There are 4 protein chains.
Amino acid sequence: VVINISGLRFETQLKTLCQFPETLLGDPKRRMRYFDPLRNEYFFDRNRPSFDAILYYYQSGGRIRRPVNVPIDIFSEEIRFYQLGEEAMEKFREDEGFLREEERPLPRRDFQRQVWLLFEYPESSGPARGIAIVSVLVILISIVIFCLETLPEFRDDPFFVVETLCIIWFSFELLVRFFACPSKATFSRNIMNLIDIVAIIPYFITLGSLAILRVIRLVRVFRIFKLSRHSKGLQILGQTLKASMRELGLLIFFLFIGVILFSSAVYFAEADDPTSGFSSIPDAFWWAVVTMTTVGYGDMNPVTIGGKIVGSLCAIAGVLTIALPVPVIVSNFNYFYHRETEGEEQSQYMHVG
Amino acid sequence: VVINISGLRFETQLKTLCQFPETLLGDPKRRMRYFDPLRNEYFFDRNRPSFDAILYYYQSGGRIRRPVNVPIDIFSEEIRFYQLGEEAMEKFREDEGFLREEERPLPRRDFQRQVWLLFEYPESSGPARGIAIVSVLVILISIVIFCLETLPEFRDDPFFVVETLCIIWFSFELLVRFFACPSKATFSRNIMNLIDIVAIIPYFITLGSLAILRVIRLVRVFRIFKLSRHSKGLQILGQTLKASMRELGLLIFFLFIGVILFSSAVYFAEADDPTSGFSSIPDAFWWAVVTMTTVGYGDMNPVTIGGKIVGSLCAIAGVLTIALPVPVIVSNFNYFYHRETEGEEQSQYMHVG
Amino acid sequence: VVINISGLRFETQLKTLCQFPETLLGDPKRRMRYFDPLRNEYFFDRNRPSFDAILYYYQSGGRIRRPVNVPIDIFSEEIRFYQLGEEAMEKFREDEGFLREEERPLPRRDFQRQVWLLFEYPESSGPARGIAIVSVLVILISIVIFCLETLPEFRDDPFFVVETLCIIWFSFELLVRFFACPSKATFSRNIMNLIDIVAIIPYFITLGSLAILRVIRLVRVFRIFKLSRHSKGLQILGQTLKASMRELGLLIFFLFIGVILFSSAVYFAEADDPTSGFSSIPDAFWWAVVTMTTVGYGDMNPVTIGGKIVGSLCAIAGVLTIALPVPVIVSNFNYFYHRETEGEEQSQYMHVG
Amino acid sequence: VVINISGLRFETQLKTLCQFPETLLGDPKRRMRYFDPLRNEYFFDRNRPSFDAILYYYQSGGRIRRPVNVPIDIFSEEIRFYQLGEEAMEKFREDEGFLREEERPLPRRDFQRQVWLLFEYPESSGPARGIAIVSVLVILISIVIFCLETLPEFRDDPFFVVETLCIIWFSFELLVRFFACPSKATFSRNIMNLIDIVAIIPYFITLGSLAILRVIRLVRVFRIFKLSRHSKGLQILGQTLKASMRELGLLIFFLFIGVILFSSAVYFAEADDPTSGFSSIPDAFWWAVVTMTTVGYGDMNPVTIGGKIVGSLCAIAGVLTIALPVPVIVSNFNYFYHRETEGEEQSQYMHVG
């Protein structure tokens, strides 16, 4: 068969177009209105370079590309015009990277679907927005009273009666969601819900082993992580830290080679001095990590020229061990920034049509 | 109809070309001189790949692209040759990003249009350039006498008779523009003119509540912002700070998570020491912000190994919280640098033709 | 001859296709089944833009390109379909950069090929993985006892009986590979094997000139480099340091211009002060290197305004001398990261077919 | 006329090809051997996409592009095959950026052209390489004796008899080039030769006003700049500093806004404290420049919370004022690195053919 896309002749076999017998070109009654019985061809008055990837979809047997010149709002119309189907439309989706939104879990009630739209979806309604302005205020007061409790003018109980205001309110915002979810096993895997409970598990022990009395106080600071729910930027931070496992491990490892190698070199170049502040290898560990990171503290300083040549080569190599696996992390942060701020806003406006 | 662009056959319907009945291809008396009655086609001896985007303009119904291979001085001629009109020429403008220059407000006088070309447009004439060499000298002396007034050899009035020289000259450069503008409501929105007046409002109170006597002195430093008018680079800085609102907010927020999380960790790892300099959580706030930024001050130092493992993980994570939203800011600065230094100089030389 | 690649007419001479008389198009009995005796041409129903680089392979006489639009899994099939041969397939290999894997040296035995697959190839079998979990544990204990030996609570012999456990185990892991290799001259060039022996050469002198007693202790730290064998990331670090010879030399040279030029400027601007801490040019060398690297130590500080203007211009220029040859190094690290993690996994899945 | 580039039909007028009546297509006796009297066309068996830019050269009237897909060693052959001439070949040169090498000034003698190839061209011959190994040794000794002269164990004359060895040798390497050049006005503009003489002008005053006795000593350090002649990397540094005038000025200006604005804010937030180390605005200038650059010195520290909030906002904004005009400088350094190391080595191997 011969197809004439506004002047460009594409000519393929008939059994290639019969592989997909539900599309425009596969159905002999839908493409029959585009025939041209004077030249024995089908004439479409469409975009020229967009058909080079439509014909390759039939030839390869199912793959969908996108040519570089044609934009996404143009190529999303040719799949809609040639009637390739939603199977081929969704295969165009993840090829561009934009994954479709997952279906929310419906609990199938009217009391339960209302309270699900009341708290977990704060953007929808009025009292949905009413909790969100106080779910920032309840968190910020709890972190700052945890700071104000540690202030030593009071340490070195009205400070108990102000913190129970925030914690039963923390318990208020959890007991309204303990019974209001579609599922319960999926409740125990979502890390948004996984730390919230840990905030109460450390307080319920307090009303009813010194090392244990301190450990708990450390978990009380976890309440900072509750800000991740209603803050859009932290998920971009949360996904970048969670997609960069094997690159973050190389960041702390590449300096650990530089810690041991340079603490030994500053030691043996200053072992022949009684006034040397570096007593041993764990003594000069803090010097080796404060010079490679280019902070500097000045507690332990080399004095001789043999020890002033290793730290100068330590600070130079200290940049060249920490700035090497960094720029893949700032690119992953740019990916989750560009697939949340203008990723789906430009995709789903012309991907769902 | 068949169009033959120097060997490449483009073939579209007649009602597609009749959508725009004022262009070259739409008018049956302007395209009639390009006919070829031996082959029944129109023959243009033009550039080949530039017509693929001209024909798509008719087919889509008004959109203008630009193919990647053809440069801007070539594609700006094909819109001029096919006579697509200024409506289609200006639709090509903002597609490339280069917005046209806005019309200046004409006050419609001869006394007023002369003084408008005298001060606000310093590049035009001689006395237009005469004020610009002294509108740098009047500003630099006022900031440095504000510095020299604060010098304590004189603090701990001939210093009044030197600062009134600059301020009535500041008032000279404002009263010549109070009455010389096209409009007055547009006068009160332009931020160039919005701070200039604030420079006098803080001085006129002085000739005619201790906290109030200090606040005013703080506004006197605002006179630095008057340098933004005649300096080309500060608008590139001013637009980059003003186009990066939601990214600058994430920069100060991502360290605020790192301030509280790391000040608690250095506290509880050093709470069991009487010689620990960290008294409390606001006490070690300054330590937490000076280590993540990699400055270091040395006023408060961890001494034990349990406290020397958190600051080493603080400085490493301190780079990975502040360098993440930075590279979008240095790209926006590159955009306003490339759309002011070679943006309009390459555009309007071939966009207005 | 005329070749019709699904609508696109390619037309070349016959002696061009006869340059390679073993391919599809060169053999008059293999291409004869694609003939079309009504139009006098050969009709292939293949991808359109992939044949523009197949025909140029015949015309140029052997070169293989790849067009930008067609991906690698598509263009690797057209070389497989047109039967260009493995000579042309391997010429496509290094054009994409992906070099094929070299053949391992076979020692041609059954005792020797088994022990070669036992230790040097730890990913293969069970006891191949059994040594790898203890070849990390034997190394980490040896570096930390070298740290613990230097701790001065014991310095200022049961610490001999714990280090011989690691060293005969180091000798265990070398004597199993002294006699188990295909070759011996290739044994003495591989830098993985070149430092391992140096670890014993410094210990065998110890059981059987003070400067010599210290030098040896410095080589004992070399045992850190033994971690490079079973760690995947260090080869990416090792290749980036070994491919950047002339760029690393310019990094230490560009600051050496800044060391001498700025130590002289801080000297002569502070030579007229008796309280100046800078005694001479090697005295202020440590100040010049700690300011350009932005660490800061505070041992020697300028006090006057003439000396506070050079260090402010030193720290500004100190970034602009060290950050200039850095970004080619972080790009080379990205190349060896992308040719080891997804380089050969995407290449050899469709390069060897 | 119709031109058939191996299957692609290009069809232009005859007067377009007659604009350049010396090329292949312009001469009716050179293109006559490519005619095809059965189809009435010219048949070239060349590369297909390379002719789209050859035909546009005739149509536009002289411009030469290069299409993106075709590499430089391919497109440099089509200009050689179609015989466009060296006028069109050199117009292809600077379009790719690679400027041709300038002709060296010939003094037209045999004594003078020999000594010109003896010293200024050290790569050519044996004694041309003989001076280059001692023109590094004569410079390095002169900078280090200028360092060793300033050492105070000798200050606080055999050190005169060692420095005259280097200076008459400096005079040896200048008097051999005073009389050995093609021109003398071009001698006084080349900045390589402009500082060399300044090295003697400061020594000839010494053998034959205290401020003048110190100034000279400062110029003696200029001898570092003599290393730029035989060092390949410094010209890449020298061109990057000399092509970035208006960007380097914005680097020192953007912090000068941050110096005055933040020194005033730290002053007025600490003016109500008698223990505040910041006496005045020039007193806290050194604090403001050491925090934005992230060095830190610790001489003057804020103590109150009102002064600990400005320096935390100073160090954050201090990165965002200095890292903004930096990445255009590291790109210019990459341009002069890629046009000196692989720029002309890949160009002139196929640009001069």
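Residues numbered from 1 in each chain as written, not as in the entry; some residues may be left out. Chains lettered and ligands numbered in written order. Part of a larger assembly, values for the part shown. Heavy atoms only, no water. Residues with missing side-chain atoms left out of burial classes, pairs and counts.

What the entry reports as its method is cryo-EM, with 3.3 Å given for the resolution.

Student: Explanation requested: the overall build of chain A in the structure shown.
Tutor: When helices and strands are counted, chain A shows 17 helices and four strands. Whereas a compact globule of 353 residues would reach a radius of gyration of roughly 20 Å, chain A reaches 32 Å, over 25% beyond that. For chain A, the spread of C-alpha atoms along the principal axes amounts to about 100 × 65 × 30 Å. (Helix = DSSP H or I, 4+ residues; strand = E, 2+ residues; numbered from the N terminus. Rg over C-alpha atoms; globule rule 2.2 N^0.38 Å.)

Student: When you look at the side chain of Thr293(D) in this model, what are you seeing that I'm missing?
Tutor: The residue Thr293(D) is located in the loop between α14 (285–292) and α15 (310–322) in this model. Of note is the side chain of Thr293(D), whose polar atom sits 2.6 Å from the backbone oxygen of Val289(D). With residues up to four places along the chain from it excluded, the contact list for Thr293(D) reads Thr294(C), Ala315(C) and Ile316(C). (Polar contact = N/O pair within 3.5 Å; in protein donor to acceptor, adjacent residues only side chain to side chain. Contact = heavy atoms within 4.5 Å.)

Student: Whenever I open this one, the relation of the copies chain D and chain B confuses me. Can you help?
Tutor: Note that the two copies of the chain are related through a rotation about an axis and a translation along the same axis. With an RMSD of 0.0 Å, the operation that places chain D on chain B is a rotation of 90° combined with a shift of 0.0 Å along the axis. This pairing of chains is accounted for by a four-fold axis. Among all residues of chain D, the minimum C-alpha distance to the rotation axis is found for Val295(D), at 3.8 Å. Looking at the interface residues of chain D, only 12% of them are also at the interface in chain B, so each copy uses its own face. (Least-squares fit on C-alpha atoms.)

Student: Teacher, can you tell me more about the packing of aromatic side chains here?
Tutor: For any pair of aromatic rings, geometry is given as the distance between the ring centres together with the angle between the planes. The interplanar angle of 85° and the centroid separation of 6.1 Å between the aromatic rings of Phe44(C) and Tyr82(C) together place this pair among those described as edge-to-face. Residue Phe44(C) is found in strand β4 (residues 41–44), and its partner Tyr82(C) is found in the loop between α3 (72–81) and α4 (86–95); the two are separated by 38 residues along the sequence. (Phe/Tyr/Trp six-rings, centres within 6.5 Å; stacked < 30°, edge-to-face > 60°.)

Student: Where do I start with the sheet that holds strand β2 (residues 8–11) of chain B in this structure?
Tutor: Whenever strands of a sheet pair, they do so through backbone hydrogen bonds, lying parallel or antiparallel. Residue and element names in this part refer to chain B. In space, the four strands of this open sheet follow the order β2-β1-β4-β3, with mixed pairing throughout. Both outer strands of the open sheet, β2 and β3 (35–36), are each paired with one neighbouring strand and no more. Looking at chain direction, strand β1 (residues 2–5) and β2 are connected through four bridges and run antiparallel. By the bridge assignment for β2, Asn 4 is matched with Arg 9. (Pairing = 2+ DSSP bridges.)

Student: Just to check I follow, could you spell out the pattern of salt bridges for this structure?
Tutor: When their charged atoms lie close together, side chains carrying opposite charge are able to pair. A salt bridge links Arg39(A) to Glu11(B), with the nearest nitrogen and oxygen atoms 3.8 Å apart. With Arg39(A) in the loop between β3 (35–36) and β4 (41–44) and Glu11(B) in strand β2, this pair bridges two chains. In this structure, the salt-bridge partner of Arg30(D) is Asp27(D), at a minimum N-O distance of 2.9 Å. Taken together, the shared-partner salt bridges in this structure form one network comprising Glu11(A), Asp36(C) and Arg39(C). (Salt bridge = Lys/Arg side-chain N within 4 Å of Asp/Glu carboxyl O.)

Student: Help me understand the environment of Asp273(D), please; the structure alone is not making it clear to me.
Tutor: Residue and element names in this part refer to chain D. Locating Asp 273 in the fold gives a position in the loop between α13 (245–268) and α14. The sequence separation of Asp 273 and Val 328 amounts to 55 residues, and the corresponding C-alpha distance is 43 Å. Polar contacts involving the side chain of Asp 273 include one to the side chain of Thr 275, which spans 2.4 Å. Looking at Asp 273, its side chain comes within polar contact range of the main-chain nitrogen of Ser 276, at 2.9 Å.

Student: Looking at this model, I keep getting lost on the packing of helix α14 (residues 285–292) of chain C against helix α15 (residues 310–322) of chain C. Mind explaining?
Tutor: For any two helices packed against each other, one specifies the inter-axial angle together with the distance between the axes. Residue and element names in this part refer to chain C. Running from N to C, α14 and α15 point in directions that differ by 60°, and their axes come no closer than 7 Å. Between α14 and α15, the angle falls in the class oblique. Contacts from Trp 287, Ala 288, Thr 291 and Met 292 in α14 reach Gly 311, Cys 314, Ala 315, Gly 318, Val 319 and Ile 322 in α15. (Axes fitted to C-alpha atoms, helices over the stretch in contact; angles between N-to-C directions. Parallel < 35°, antiparallel > 145°, perpendicular 65-115°, else oblique.)

Student: I'm lost on unusual backbone geometry in this one. Help?
Tutor: As a rule of thumb, non-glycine residues mostly have phi less than zero, and peptide bonds are mostly trans rather than cis. A positive phi angle, near 55°, is found at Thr294(B), a position not held by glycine. Tracing the sequence through the fold places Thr294(B) in the loop between α14 (285–292) and α15 (310–322). Phi at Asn40(D) is positive, roughly 60°, even though this residue is not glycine.

Student: Explain the sheet that holds strand β2 (residues 8–11) of chain D to me, please; I cannot follow it from the model alone.
Tutor: Residue and element names in this part refer to chain D. With respect to topology, four strands assemble into an open sheet ordered β2-β1-β4-β3, the strand pairing being mixed. The sheet terminates laterally at β2 and β3 (35–36), the two strands that pair on one side only. In this structure, β3 lies alongside strand β4 (residues 41–44), joined through two bridges in antiparallel fashion. Within β4, the position partnered with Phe 35 by the bridge is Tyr 42.

Student: What should I look at first to understand the environment of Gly307(C) in this one?
Tutor: Within the fold, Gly307(C) resides in the loop between α14 and α15. With residues near it in sequence (within four places) discarded, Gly307(C) still touches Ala269(C), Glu270(C) and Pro302(C).

Student: Teacher, can you tell me more about the side chain of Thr23(C) here?
Tutor: All names here are of chain C. In this fold, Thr 23 is placed in the loop between α1 (14–17) and β3 (35–36). There is a polar contact of 3.0 Å between the side chain of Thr 23 and the backbone oxygen of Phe 20. Dropping the residues within four chain positions of it, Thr 23 is found in contact with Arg 30, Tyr 58, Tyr 82, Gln 83 and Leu 84.

Student: In this structure, what is going on with the environment of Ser264(B)? I would like to understand it.
Tutor: Mapped onto the fold, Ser264(B) is located in helix α13 (residues 245–268). Residues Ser264(B) and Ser279(B), spaced 15 residues apart in sequence, show a C-alpha to C-alpha distance of 11 Å. With near-sequence residues (within four places) excluded, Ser264(B) lies in contact with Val221(A) and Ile281(B). One polar contact links the side chain of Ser264(B) to the main-chain carbonyl oxygen of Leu261(B), over a distance of 3.2 Å.

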